[PDB]
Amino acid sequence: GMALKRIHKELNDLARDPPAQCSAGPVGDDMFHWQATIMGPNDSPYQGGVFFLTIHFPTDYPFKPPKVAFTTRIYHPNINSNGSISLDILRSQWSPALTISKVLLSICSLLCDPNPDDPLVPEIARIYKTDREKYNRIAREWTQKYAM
């Protein structure tokens, strides 16, 4: 159906022109479930890390958003302990003109620049805001522990 045709186009474009730091695709016969990887940005406390994510496309894609969560634990104000991601593109501001490539770019961008408006993990947001030295230390420690 139309969802499957669209998902194939998303895969083709991503294979041909992937977002920097990012790879992704189906794990098996099911086109509706992908795994993705993001390399920790350089000049970030996630540097050297490899972070895995799970993408589930709904049956009415692209008219509803894909569901995207980290499976690698990560220390971040906008990403919670279940790997849930607080990013407008995934919920309030999804449109069918967007692609999984743009979602991955947006997640990368979020790793470098956390959103301070109504953060998903308030404690970590405080530490980012007020004690960057400690935030970077812990983020680096979790990178070593979970993402190496």
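The numbering used is simple: start at 1 and walk along the sequence shown.
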Once you work out the mean C-alpha B-factor for both 100-108 and 41-49 from the entry, which is higher? 41-49
88-96 set against 113-121, stretch whose average Cα temperature factor tops the other in the entry: 113-121
Entry-reported Cα temperature factor of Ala3, expressed as the chain third it lands in: lowest
Third of the chain, ranked by Cα B-factor, where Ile79 sits: middle
Lowest, middle or highest third: where is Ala15 by C-alpha B factor in its chain? lowest
Could you say whether, by C-alpha temperature factor, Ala139 belongs to the lowest, middle or highest third of its chain? middle
Among modelled residues of the same chain, the CA temperature factor third for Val27: highest
